[PDB]
């Protein structure tokens, strides 16, 4: 079962601590645009994992911190977890929170996270130092720490990735863009074993506090559809560049033949409508079929497929042999044992073929052998069904 398979979503809450606010020269606007750009970069790295980070809360501690932030990363992480559980969570629902801090952590530590703790009330939390002007680098630490919360440990010496480092390398000095196959595996297992429920619901576009981003695969305020870039877009009825529905004149799947219906964009959805077919019983090929499962079965075409372009259905009188019910000329019951045909049913029994314009009765040699296919027209307003010649409207 899946999971696994389904697009997942994290209702993500961010705190910018008072040290970071000071380090940003008290500039809220500059702080917010930085966090927006980092979150979008985190979503780009998480995309192959089918997990989208939806920003639904941002606090900037412009006056004072709400709990004590301390340079021992493990002590802050445990304090943040507790604050999240005891203070935030009763008032603001969220799957996971990160603290972005301007404190300088002990040693060369740049963040810390609990492992595989999505949805836990005390542990779904990570801390991250804003330790470089380059979001390319802080955003990788943000993705790496969240990587830890989603059950992934550090890459062992033998993972993977080309070119730049893997996101879960314990130590990087360049931006990281992809997870190792080993990270990908461990996450897939995390999900199977812990089955974190809270990452299954899709958040409302109106609860996202980050500005809309056209091309992030999540439909936000002022967007109708979002399928990524014009070149990646697999949605036939979305104009990727503008995140807008294509118009309803736009054909998206032409009728392949006459037992087919064309699809057009609806004008108010992103995907090409599923492939509807012409209705069963519908006349086709110049009044020669019925339609059946989007196909037009005919005795002549069955002769042609069996024996080739030089043949057609035999003249009508040949089919009367089938009233014999002997070893060559017969009908079959639904189960389907050999029976003589009733007179009305003869064209639904053994098939007879002839060379074009020649009046013979021949039988394509066949161990079974061959009878009219289901829905084959056997007379006007009639088609073969369970070895019998019957009316539309059964239909079907």
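Numbering follows the first chain given and starts at 1.
In this entry, the higher average B-factor at the C-alpha atoms falls on 159-167, of the pair 159-167 and 293-301. Between 70-78 and 169-177, the higher mean Cα B-factor belongs to 169-177.
Going by the entry's values, 252 shows the largest Cα B-factor out of 125, 252, 277, 128. Residue-level inspection of the entry shows that, of 100, 118, 265, 137, 118 has the top Cα B-factor. Ranked by C-alpha B-factor against the other modelled residues of its chain, residue 388 falls in the highest third.
Ranked against the other modelled residues of its chain, the C-alpha B-factor of residue 85 as given in the entry falls in the middle third.
In this PDB entry, residue 340 carries a Cα temperature factor that places it within the highest third of its chain's modelled residues. In this PDB entry, residue 332 carries a Cα temperature factor that places it within the highest third of its chain's modelled residues. In the deposited entry, the Cα temperature factor of residue 110 places it in the middle third of its chain's modelled residues.
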